[PDB]
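Presented below is the structure to which this report refers.
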Amino acid sequence: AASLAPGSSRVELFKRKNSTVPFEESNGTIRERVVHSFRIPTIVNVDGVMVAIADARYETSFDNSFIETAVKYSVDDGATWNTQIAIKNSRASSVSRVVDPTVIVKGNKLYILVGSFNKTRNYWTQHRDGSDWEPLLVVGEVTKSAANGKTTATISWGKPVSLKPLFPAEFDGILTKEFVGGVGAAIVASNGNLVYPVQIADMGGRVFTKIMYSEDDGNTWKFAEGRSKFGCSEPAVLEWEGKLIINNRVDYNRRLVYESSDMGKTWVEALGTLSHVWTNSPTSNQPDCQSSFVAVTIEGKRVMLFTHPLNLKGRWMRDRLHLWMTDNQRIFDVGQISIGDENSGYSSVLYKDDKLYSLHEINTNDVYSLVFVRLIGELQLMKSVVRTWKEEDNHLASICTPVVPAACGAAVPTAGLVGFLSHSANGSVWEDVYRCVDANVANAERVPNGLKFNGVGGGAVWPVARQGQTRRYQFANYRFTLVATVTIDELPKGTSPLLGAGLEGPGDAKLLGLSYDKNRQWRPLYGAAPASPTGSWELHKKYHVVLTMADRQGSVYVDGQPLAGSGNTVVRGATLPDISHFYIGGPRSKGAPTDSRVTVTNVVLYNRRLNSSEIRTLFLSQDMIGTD
């Protein structure tokens, strides 16, 4: 998709300088007050009622202006809305405010956490101290009933409650100052635990993330021990296969993502899955932006939805808002869910009653409306690819392999399976069997399950970092397993590459690789180390080949058995390498002319090191895993 998928559309639900909200005077009276901007959208579903939550920024769009939490709800799928003002500010100054609503749904309830300010004019993290501030919790109770054939719903907003006396004065010996929810929608954990991602600003003004979670339903709260690197802000959270996944906003760099198996107590970065995949702009050096992050079950499959402005225009413009789906392996772009080049911003997404929606910002001359969008196109597009994965997976999980001599032996494992170049191959493109990352081929000709490479400047360029702004195979730099079948057609002139991972920047350096020489021998390249000859292939014989990288250690495989110098290092120092792509054959443009005569079929890719028992299996099954 280039822009908002046809069959999908929107209305301005919170119109700048237009939509009054019921403002409540000091003395209880209610007055329809105009609102300059509305910002910070969050749309969730409570018991069949759609709840939309935003900052009502009365006077100006400035983060530090007169604000209160506004709520619009609907029992007819956004067909009509009720408008409330859910959280009042302290009314202490011209600038008193309640900001940054963060949301947890549980049954008929809403838990909203907002920072609360009295007098300060500047950004909260720059505050001399945390004296102006209070973190308020407020519980929204939704009641459903029915009139004369109409469904009616109302919503009590409870009294706010400062969480302040539970803010530890120091974190591991770092004096805390103030904290706020991470903005947008949060989650209920598996054990029915209330789980906020918070953002914490220390006395020094530096910024980092955490998990605040309650066991007893908002009642009391505890801060989990684990945290992020500084520079993380506006974190979003979703529970996934045991762990929490914390997707952070990171100003002027890429989006760090952490996994926590132990309910926040200790965090590890999702190097081999999602971390660093998303950033703030093409150049990664512009301010970031908020992102929604939630678990939905599409077609029966458990997946993850992410929203984020490509923000080309740079700085705080946040144009081109995209939607993404991932099942923690394949990351799929579902195109753009805003209109034209327009300036979007903060966003939220909702899949309820098998319809798909987003609430999100549109800004024009720093004036802000929330658009309400029906993504009916985006959804079928989604439901489609789910099936591909669903069935492409189920297809390989019910296949019969030869009883390893020690009716079927071992399963062909799909746990971690990411990429697949099999049959479907087109003009200059080896099509992804999972539809996420494509390949760009030269000098090819089709065979059952592959492509035969014949000519000058010809080979498959399966981009990894060379994907641009969104680095979907980033994970590779920490661990991966690349697989391929090969028939070798003609003896090389001297040496000519085949299967491996190329790096970025100067020259033409490689992480890991297996070239081949004119003596019928194997050329395992292990980083910049000399690839000394070994083994003996033969022209036109079918050959399985496996590349595993984990913990910087690498091995090459020719038919189950590893190659000379297996157990080598491929990167030095604590630095993560910058794998450009993967190479099938000999593609190039800078410098040397590669001319490779191989037939390469059924190329796999996992986000981890496949094991002894798995490598042995896949090796014996390479005709039972193809497609037509």
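Ligands are numbered from 1 in the order shown, residues from 1 within each chain, and chains are lettered A, B, ... in the order they appear in the structure tokens.
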Polymer residues at most 12 Å from residue 574 (chain A), only C-alpha atoms, same-chain spacing of 6 or more positions, as a ChimeraX atom specification: /A:477-478,551-552
message: List the spatial neighbours of residue 170 (chain A) as a VMD selection string - criterion: any atom at most 9 Å away, only C-alpha atoms, same-chain residues fewer than 6 positions off excluded.
response: chain A and resid 176 to 177 202
Written selection (C-alpha atoms) as an mmCIF file, in the first residue's frame:
```
data_model
loop_
_atom_site.group_PDB
_atom_site.id
_atom_site.type_symbol
_atom_site.label_atom_id
_atom_site.label_comp_id
_atom_site.auth_asym_id
_atom_site.auth_seq_id
_atom_site.Cartn_x
_atom_site.Cartn_y
_atom_site.Cartn_z
ATOM 1 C CA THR A 176 14.442 9.564 40.418
ATOM 2 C CA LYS A 177 12.491 12.755 39.850
ATOM 3 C CA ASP A 202 15.901 11.205 36.849
#
```
Expected answer as an MDAnalysis selection string: strand (DSSP E or B) residues in region 99-335 of chain A: chainID A and resid 99:106 109:117 133:146 151:157 161:162 170 175:181 184:185 187:188 194:202 207:214 222:223 232:240 243:250 257:260 268:269 293:298 301:309 319 321:326 331:335
- request: Using only C-alpha atoms, determine which residues lie at most 7 Å from region 154-168 of chain A, disregarding the query and same-chain residues fewer than 6 positions distant; provide the list as a PyMOL selection string.
  value: chain A and resi 86+134-144
message: Residues within 12 Å of region 27-30 of chain A, please, as a VMD selection string. Count only C-alpha atoms; anything in the same chain fewer than 5 positions from it doesn't count.
response: chain A and resid 20 to 22 84 to 85 88
Within 12 Å of region 422-436 of chain A, which residues of region 389-416 of chain A show up? Give each one with its shortest atom-to-atom distance in Å (one decimal) and the two atoms involved, counting only C-alpha atoms, rows by chain then rising residue number, as JSON lines.
```
{"residue": "A:389", "atom": "CA", "partner": "A:434", "partner_atom": "CA", "distance": 6.0}
{"residue": "A:390", "atom": "CA", "partner": "A:434", "partner_atom": "CA", "distance": 9.8}
{"residue": "A:391", "atom": "CA", "partner": "A:434", "partner_atom": "CA", "distance": 10.4}
{"residue": "A:392", "atom": "CA", "partner": "A:433", "partner_atom": "CA", "distance": 7.9}
{"residue": "A:393", "atom": "CA", "partner": "A:434", "partner_atom": "CA", "distance": 9.7}
```
- prompt: Which polymer residues have any atom within 12 Å of an atom of residue 61 (chain A), counting only C-alpha atoms, with same-chain residues fewer than 5 positions away left out, as a ChimeraX atom specification?
  reply: /A:16-17,35-40,55-56,66-67,95,363-369
query: Where does DSSP see helix (DSSP H, G or I) in region 172-386 of chain A, if you list the residues as a list in words?
result: residues 376, 377, 378, 379, 380, 381, 382, 383, 384, 385 and 386 of chain A
message: Given only C-alpha atoms as the basis, pick out the residue of A:357, A:526, A:62, A:619 nearest to residue 372 (chain A).
response: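 Residue with the minimum atom-to-atom distance to residue 372 (chain A): A:357.
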message: Applying 8 Å and only C-alpha atoms, which residues near residue 607 (chain A) remain after dropping the ones on its own chain fewer than 6 positions away? List them as a list in words.
response: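 In the requested format, the answer is residues 272, 273, 329, 416, 417, 418, 475, 476, 479, 480 and 481 of chain A.
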Output the selection as a short mmCIF file (atom, residue, chain, number, x, y, z; two decimals), in the first residue's frame - N, CA and C atoms for each residue.
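Final file, part24.cif:
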```
data_model
loop_
_atom_site.label_atom_id
_atom_site.label_comp_id
_atom_site.auth_asym_id
_atom_site.auth_seq_id
_atom_site.Cartn_x
_atom_site.Cartn_y
_atom_site.Cartn_z
N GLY A 272 17.84 -10.78 18.58
CA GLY A 272 17.59 -11.83 17.58
C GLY A 272 16.16 -11.96 17.10
N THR A 273 15.40 -10.88 17.28
CA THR A 273 13.99 -10.78 16.91
C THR A 273 13.66 -9.36 16.39
N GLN A 329 8.72 -13.21 13.80
CA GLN A 329 9.74 -13.75 12.91
C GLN A 329 9.70 -13.00 11.59
N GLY A 416 11.15 -20.51 14.61
CA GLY A 416 12.18 -19.54 14.26
C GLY A 416 12.31 -19.30 12.77
N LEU A 417 11.58 -20.08 11.97
CA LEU A 417 11.63 -19.95 10.53
C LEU A 417 11.13 -18.56 10.13
N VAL A 418 11.96 -17.85 9.35
CA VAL A 418 11.76 -16.44 8.99
C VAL A 418 11.50 -16.21 7.49
N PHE A 475 17.97 -8.70 13.02
CA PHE A 475 18.21 -9.81 13.95
C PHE A 475 19.47 -10.60 13.61
N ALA A 476 19.75 -10.69 12.30
CA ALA A 476 20.78 -11.54 11.71
C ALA A 476 22.16 -11.30 12.27
N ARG A 479 22.23 -13.51 15.60
CA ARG A 479 22.12 -14.93 15.29
C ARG A 479 21.26 -15.13 14.06
N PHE A 480 21.60 -16.16 13.28
CA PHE A 480 20.79 -16.62 12.14
C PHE A 480 21.26 -17.98 11.64
N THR A 481 20.46 -18.58 10.76
CA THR A 481 20.83 -19.81 10.09
C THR A 481 20.33 -19.80 8.65
#
```
task: Mind checking which residues fall within 7 Å of region 349-351 of chain A, counting only C-alpha atoms, ignoring those fewer than 5 positions away in the same chain, and posting them as a list in words?
output: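 So, after excluding close chain neighbours, the residues are residues 43, 44, 292, 296, 356, 357, 358 and 359 of chain A.
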Write to file, as a PDB file, in the first residue's frame, the residues of the selection just made, with N, CA and C atoms.
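Result went into part_7.pdb, see below:
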```
ATOM      1  N   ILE A  43      -7.349   4.292  21.353  1.00  0.00           N
ATOM      2  CA  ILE A  43      -8.626   3.661  21.171  1.00  0.00           C
ATOM      3  C   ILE A  43      -8.544   2.192  21.594  1.00  0.00           C
ATOM      4  N   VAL A  44      -9.373   1.836  22.573  1.00  0.00           N
ATOM      5  CA  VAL A  44      -9.474   0.467  23.075  1.00  0.00           C
ATOM      6  C   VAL A  44     -10.924   0.021  23.068  1.00  0.00           C
ATOM      7  N   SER A 292       1.905   2.441  18.684  1.00  0.00           N
ATOM      8  CA  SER A 292       1.072   1.499  19.414  1.00  0.00           C
ATOM      9  C   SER A 292       1.610   0.094  19.238  1.00  0.00           C
ATOM     10  N   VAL A 296      -3.098  -9.268  18.699  1.00  0.00           N
ATOM     11  CA  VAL A 296      -4.404  -9.621  18.187  1.00  0.00           C
ATOM     12  C   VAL A 296      -4.309 -11.036  17.618  1.00  0.00           C
ATOM     13  N   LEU A 356     -11.162  -3.667  11.827  1.00  0.00           N
ATOM     14  CA  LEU A 356      -9.867  -3.078  12.185  1.00  0.00           C
ATOM     15  C   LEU A 356      -9.915  -1.560  12.157  1.00  0.00           C
ATOM     16  N   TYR A 357      -9.434  -0.948  13.234  1.00  0.00           N
ATOM     17  CA  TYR A 357      -9.463   0.515  13.333  1.00  0.00           C
ATOM     18  C   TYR A 357      -8.185   1.120  13.880  1.00  0.00           C
ATOM     19  N   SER A 358      -7.919   2.353  13.445  1.00  0.00           N
ATOM     20  CA  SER A 358      -6.926   3.225  14.060  1.00  0.00           C
ATOM     21  C   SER A 358      -7.503   4.594  14.484  1.00  0.00           C
ATOM     22  N   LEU A 359      -7.058   5.073  15.645  1.00  0.00           N
ATOM     23  CA  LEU A 359      -7.238   6.485  16.007  1.00  0.00           C
ATOM     24  C   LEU A 359      -5.844   7.079  15.988  1.00  0.00           C
TER      25      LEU A 359
END
```
query: Out of A:547, A:618, A:525, A:274, which residue has the shortest atom-to-atom distance to residue 413 (chain A) when counting only C-alpha atoms?
result: A:618
Nearest candidate to residue 498 (chain A) (options A:597, A:355, A:308, A:472; using only C-alpha atoms): A:597
message: My list of candidates is A:529, A:1, A:195, A:50. Which is closest to residue 378 (chain A) when distances are computed with only C-alpha atoms?
response: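 Nearest to residue 378 (chain A): A:1.
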Nearest to residue 276 (chain A) by atom-to-atom distance, counting only C-alpha atoms, from A:120, A:288, A:107, A:473: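 For residue 276 (chain A), the nearest of the candidates is A:473.
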message: Using only C-alpha atoms for the distances, tell me which of A:279, A:74, A:65, A:42 is nearest to residue 249 (chain A).
response: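 So, comparing all the options, the nearest one is A:279.
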field: Coordinates-based distance that separates CA of residue 79 (chain A) from CA of residue 238 (chain A) (Å, one decimal)
entry: 28.6 Å
